[PDB]
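> Take this structure, written in structure tokens, and hold onto it; I'll ask about it next.
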Amino acid sequence: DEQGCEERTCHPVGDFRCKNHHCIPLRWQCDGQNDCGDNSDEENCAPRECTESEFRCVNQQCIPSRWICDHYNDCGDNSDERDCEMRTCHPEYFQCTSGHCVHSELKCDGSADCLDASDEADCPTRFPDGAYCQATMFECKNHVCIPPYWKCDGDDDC
Amino acid sequence: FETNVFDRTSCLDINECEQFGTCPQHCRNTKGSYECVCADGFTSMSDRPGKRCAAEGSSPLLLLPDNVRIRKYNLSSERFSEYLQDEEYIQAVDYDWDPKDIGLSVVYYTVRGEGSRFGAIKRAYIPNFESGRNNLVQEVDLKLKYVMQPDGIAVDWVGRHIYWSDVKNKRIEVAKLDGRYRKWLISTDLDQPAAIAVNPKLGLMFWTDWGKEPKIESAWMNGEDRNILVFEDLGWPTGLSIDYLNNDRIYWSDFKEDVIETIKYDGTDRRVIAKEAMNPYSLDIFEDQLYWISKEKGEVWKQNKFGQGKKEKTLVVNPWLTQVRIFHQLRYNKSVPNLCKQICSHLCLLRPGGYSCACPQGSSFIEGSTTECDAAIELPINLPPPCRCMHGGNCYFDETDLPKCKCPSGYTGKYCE
Amino acid sequence: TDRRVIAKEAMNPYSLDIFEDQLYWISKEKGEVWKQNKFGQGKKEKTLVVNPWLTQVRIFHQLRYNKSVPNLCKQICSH
Ligand SMILES: *[C@@H]1O[C@H](CO)[C@@H](O[C@@H]2O[C@H](CO)[C@@H](O[C@@H]3O[C@H](CO)[C@@H](O)[C@H](O)[C@@H]3O)[C@H](O)[C@H]2NC(C)=O)[C@H](O)[C@H]1NC(C)=O
Ligand SMILES: *[C@@H]1O[C@H](CO)[C@@H](O[C@@H]2O[C@H](CO)[C@@H](O)[C@H](O)[C@H]2NC(C)=O)[C@H](O)[C@H]1NC(C)=O
């Protein structure tokens, strides 16, 4: 299969030829991935234009608009995680007090996805009985439902 | 050409001050003549016409922010005295001289982040008195978040405000000296901003954008009015300096085109002070001299501020060197008064011939009032007591973490005076 | 004969020198001086950061060079 690739040709349109005589789809060219091992696909790549729901990093890389202030610095230059206090947030996400966005589903779930743990401390007890931990878990001052086994378990997760 | 001694215009009172470089500091119009004079704290080296002016004080030093160190070099003593170390990615520096009237002075430098690690803007006490590592230096982060690349920085001593620029943010953000309230006074129409200077006397801030559109702006210190002084043949205009002593003239360096020029405060009279400076990166003017760094070889070059004479090499620091700032009392005239009358709730920015209230970013004035904003009032934050051991004394912290001095035999006192 | 690796990932070392039980090398990328146990034990320890212009590290000490070694030359050769 790999013997005659030098003689093998590529499709005239919608195909990119690499220095390894490798034919790859034109879409895969300049995708940020070495589809062909010689990196001919990514050798010369002007950054693409970001779409309507894509934020453009200072690295000229497009990331999903949901990832601005993602609290995980998805873009390499970390330009996504800036001005989070002035960014408001998307309608389907809850904004931490630090200003970062988090899924509204992950609010009051016992998991402090927000670094400041505001996603869990802003809600009452998970049950009116008077406690936040349903499964006999450990509730720290941040109301995080650290598992009962995980209670005082090595590093201070909360 | 003709015997028309009085052809409409004749020989009469000539404002020689209009001519460039007529006098180093202050020229006064005289009938068919001029009156060249220095200013307060400046004495004449020579005759009154074109009198050179000498600073009546301690020898000037050149703060040199290398990548990992910020060392001060005494021009007269021709020696390097270390001030800061163990830090990284230091880009721009500026100082406020004596904020609290003590011997030391606060120096505001910038740290640029790499990768995930964000940068920050930090301040610490530089002693005006000669002192190397004998006095421990405590850097204090202003805790400004989202600092990507603080390329330039300037200090508003009159307004007690720090003006800095970020290339990545493309925002010239201003904040209080401790960073209590931070505002985006321009944050628009900027592509790769660069070193910024502020003139409290004229109430004007000046910055450059070495980006695709090489421009030098002269917006108000509160940002209400914005205009472009020059936009032609600017290449990469990184580095800026204001000659407050002499007509508040503006000087800039073109890294890309390798030329250093100057313009008036309104940008009318454009002249070339010197050419072929081997890619200057920063400037600063003291007395009658201008210093610049050829970042390529990390060398300091001096020449007459009016373009006369020849460039002279003085020092060769590591290639890392990024800026040259002339550390002296008279460099930043502190006589200018403060027009702010503690009317604004959080921030009182300056403007030409006046003061205007502003609000921290993300907040607005309360309805019906232009003095009170909606944000809360943050408590003032001050630096810890600094090491003050004057003549080589080594400072040690007591059980109370209070800086005390191991005063040498040469002197005496609490601070080895 | 006996080839051993004292340390790995020294960040592009450029020069060496050994004194007592320690070996110093220069990471010429950012001009940092690193020290580690000469037998490969322990961990590398940063000591100094000078200009990238730094090109060598030389340990300046009396015992670094054994001046005791006698001279076998007996002023026989002309030059
Ligand atoms: C640097 O600071 C000194 C003060 O420490 C400045 O002295 C100033 O000198 C100007 C004149 O050149 C003063 O303006 C006028 O002075 C005359 C008397 O000569 C007076 O009759 C006028 O009413 C007016 O005050 C100015 O007031 C004074 N500065 C003060 C007191 O704030 C010096 O000029 C400065 N050098 C510069 C900026 O070049
Ligand atoms: C730079 O070095 C000079 C020379 O040491 C300092 O000036 C001297 O300061 C001492 C102490 O006040 C005086 O006794 C000398 O008469 C001064 N002489 C000269 C030639 O200036 C100068 O103060 C230093 N720079 C500073 C501290 O800003």
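Shown for chain A, in order and in Swiss-Prot numbering: 3710-3867.
Even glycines carry a Cβ here, placed using N, Cα and C.
Dumping what Swiss-Prot says about this protein:
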type	residues	note
DOMAIN	A:3718-3755	domain 'LDL-receptor class A 31'
DISULFID	A:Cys3719-A:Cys3732	disulfide bond
DISULFID	A:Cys3727-A:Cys3745	disulfide bond
DISULFID	A:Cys3739-A:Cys3754	disulfide bond
DOMAIN	A:3758-3794	domain 'LDL-receptor class A 32'
DISULFID	A:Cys3759-A:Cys3771	disulfide bond
DISULFID	A:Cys3766-A:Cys3784	disulfide bond
DISULFID	A:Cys3778-A:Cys3793	disulfide bond
DOMAIN	A:3797-3833	domain 'LDL-receptor class A 33'
DISULFID	A:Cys3798-A:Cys3810	disulfide bond
DISULFID	A:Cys3805-A:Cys3823	disulfide bond
DISULFID	A:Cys3817-A:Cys3832	disulfide bond
DISULFID	A:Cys3842-A:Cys3854	disulfide bond
DISULFID	A:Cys3849-A:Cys3867	disulfide bond
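For each feature listed, report its degree of burial, its nearest neighbours and the pertinent distances within the displayed model.
DSSP labels the residues of the domain 'LDL-receptor class A 31' (A:3718-3755) in these numbers: 0 helix, 6 strand, 32 coil.
The Cβ of A:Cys3727 (disulfide bond) has A:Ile3733, A:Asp3744, A:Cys3745, A:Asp3747, A:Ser3749, A:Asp3750 as same-chain neighbours under 8 Å, each 6 or more residues away in sequence.
Sequence-distant contacts of A:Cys3739 (disulfide bond), defined as residues of its own chain at least six apart whose C-beta falls under 8 angstroms from its C-beta, comprise A:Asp3750, A:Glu3751, A:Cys3754, A:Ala3755, A:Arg3757.
Long-range contacts of the domain 'LDL-receptor class A 32' (A:3758-3794) within the same chain, counting only residues at least 6 positions beyond its ends with a Cβ under 8 Å from a Cβ of the stretch, are 3802, 3804-3805, 3807-3811, 3822-3824.
Reduced to three states, the DSSP call for A:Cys3771 (disulfide bond) is strand. Residue density at A:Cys3771 (disulfide bond): 17 other Cβ atoms are found within 10 A of its Cβ, drawing on all protein chains shown.
In sequence order, A:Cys3766, A:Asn3768, A:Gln3770, A:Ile3772, A:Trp3776 are the residues of the chain that are 6 or more apart from A:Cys3784 (disulfide bond) and have a CB within less than 8 Å of its CB.
The DSSP secondary structure for A:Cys3778 (disulfide bond) is coil. Of all Cβ atoms in the shown protein chains, 25 besides its own fall within 10 Å of the Cβ of A:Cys3778 (disulfide bond).
The domain 'LDL-receptor class A 33' (A:3797-3833): residue composition by secondary structure is 7 helix, 6 strand, 24 coil, according to DSSP.
The Cβ of A:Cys3798 (disulfide bond) has 18 other Cβ atoms within 10 Å, all protein chains considered.
The C-beta environment of A:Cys3805 (disulfide bond), restricted to residues of the same chain at least 6 apart in sequence and closer than 8 Å, consists of A:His3780, A:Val3811, A:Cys3823, A:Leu3824, A:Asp3825, A:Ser3827, A:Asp3828.
For A:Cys3854 (disulfide bond), applying a Cβ distance below 8 Å and a minimum sequence separation of six or more within one chain yields A:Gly3819, A:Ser3820, A:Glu3829, A:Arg3835, A:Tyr3841, A:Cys3842, A:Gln3843, A:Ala3844, A:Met3846, A:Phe3847, A:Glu3848.
Counting every protein chain shown, the number of other Cβ atoms lying within 10 Å of the Cβ of A:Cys3849 (disulfide bond) is 16.
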> Using a 10 angstroms cut-off on Cβ to Cβ distances, just flag whichever of A:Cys3719, A:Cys3754, A:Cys3766, A:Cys3823, A:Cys3842 is the loneliest among these disulfide-bonded residues.
A:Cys3754
> Looking only at residues six or more beyond either end of the domain 'LDL-receptor class A 33' (A:3797-3833), which have a C-beta under 8 A from one in the stretch?
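Apart from its flanks, the domain 'LDL-receptor class A 33' (A:3797-3833) reaches 3774-3775, 3777-3780, 3790, 3841-3842, 3846, 3851-3854, 3867.
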> How many Å lie between the Cα of A:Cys3719 (disulfide bond) and the Cα of A:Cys3759 (disulfide bond)?
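So the Cα of A:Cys3759 (disulfide bond) lies 29 Å away from that of A:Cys3719 (disulfide bond).
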> How many Å separate the Cα atoms of A:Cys3832 (disulfide bond) and A:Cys3793 (disulfide bond)?
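Between the alpha carbons of A:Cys3832 (disulfide bond) and A:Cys3793 (disulfide bond) there are 22 Å.
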> Since the record lists A:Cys3759, A:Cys3832 as disulfide-bonded residues, which of them has the fewest other Cβ atoms within 10 Å of its Cβ?
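If we count Cβ atoms within 10 Å for the disulfide-bonded residues A:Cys3759, A:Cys3832, the smallest count is at A:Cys3832.
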> Could you say whether, by DSSP, A:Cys3842 (disulfide bond) belongs to a helix, a strand or a coil region?
coil
> Taking A:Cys3798 (disulfide bond) as the reference, which of A:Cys3771, A:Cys3778, A:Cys3817, A:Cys3867 (the disulfide-bonded residues) have a CA within 10 A of its CA?
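Those close enough are A:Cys3778.
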> Note down the number of other Cβ atoms within 10 Å of the Cβ of A:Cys3745 (disulfide bond), including every protein chain shown.
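Result for A:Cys3745 (disulfide bond): 21 neighbouring Cβ atoms inside 10 Å.
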> Per DSSP, A:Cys3759 (disulfide bond) is which: helix, strand or coil?
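DSSP assigns A:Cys3759 (disulfide bond) to coil.
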